[PDB]
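All remarks here apply to the structure that follows.
The first residue of the sequence shown is numbered 1, and numbering continues consecutively from there. What's counted below: heavy atoms across the whole structure, side chains too, no hydrogens, waters or symmetry copies. Note that ligands are numbered from 1 as they come in the structure, with each ligand's atoms numbered from 1 the same way.
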Amino acid sequence: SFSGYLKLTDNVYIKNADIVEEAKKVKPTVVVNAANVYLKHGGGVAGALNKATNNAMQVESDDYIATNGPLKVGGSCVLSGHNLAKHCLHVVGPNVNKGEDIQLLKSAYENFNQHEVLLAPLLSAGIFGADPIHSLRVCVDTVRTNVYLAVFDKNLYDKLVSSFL
Ligand SMILES: Nc1cnc2n[nH]cc2c1
């Protein structure tokens with residue numbers, strides 16, 4: 001199971017870790033991807049997870065988009081987890097660098113409540129442009145299921161833990 005996590009609340013845990021490396025080690029039932037509406041896994045967590053699947057995640061995603069069209073900002077879809085997890089929950093947090101409504105971050109986190117336990121990154125953090133301290137606050141106040149947060153950057157991890165109310 002998950003190891004080396006700091007408990008933040010009854011159901012939220014956090015660790016300074018590469019989510020690709022965490023997923024390969026634990027092989028969780030669900031790994032969350034920081035997806036965009038087109039499931040174009042170019043950079044950030046999405047690019048890293050996709051590269052770990054040898055592009056199989058992108059091939060599957062393109063077939064999903066061809067059939068279903070794009071996701072909504074705040075929405076999600078469950079696809080295969082490939083070599084990383086049983087499933088990948090592709091969740092679209094608002095991208096602040098695209099002028100997307102930050103209030104959609106709570107809607108994005110609500111998707112996590114459909115899964116008993118998840119390995120996840122902070123939604124809308126990193127290249128999505130939102131304040132990661134705000135993302136962690138929305139996470140703890142929205143997610144009721146067990147969420148194991150992987151924060152890649154050590155310096156951001158320390159800031160998140162030390163400022164956690
Ligand atoms: N917050 C995270 C977690 N794992 C990551 N792997 N590559 C980029 C990442 C960002």
### Message
Using a 3.5 Å cut-off on N or O atoms only, is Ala48 in polar contact with ligand 1?
### Response
no
### Query
Is the side chain of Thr145 donor-acceptor paired with the backbone N or O of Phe112 at a distance under 3.5 Å, no angle test?
yes
### Query
What protein heavy atom sits nearest atom 9 (C) of ligand 1, and how far away is it?
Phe152 CB, 3.6 Å
#### Entry: Side-chain (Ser124) to main-chain (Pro94) donor-acceptor, under 3.5 angstrom
yes
### Query
For ligand 1, which atoms have a heavy atom of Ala150 less than 4.0 angstrom away?
1 (N), 3 (C)
### For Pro28 against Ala23, the heavy-atom pair lying closest together
CD-O, 3.6 Å
#### Entry: atom 4 (N) of ligand 1 [closest protein heavy-atom partner, distance rounded to 0.1 Å]
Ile19 N, 3.0 Å
### Query
How close does the nearest protein non-hydrogen atom get to atom 6 (N) of ligand 1, and which residue and atom is it?
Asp18 OD1, 3.1 Å
### Task
Look at the aromatic rings of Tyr5 and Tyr148 and report parallel, tilted or perpendicular, splitting at 30° and 60°.
perpendicular
### Message
Check this for me: does any side-chain nitrogen of one of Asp10 and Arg144 sit under 4.0 Å from a carboxylate oxygen of the other?
### Response
no
### Message
Distance under 4.0 Å to a non-hydrogen atom of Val45: what atoms of ligand 1 satisfy this?
### Response
2 (C), 9 (C), 10 (C)
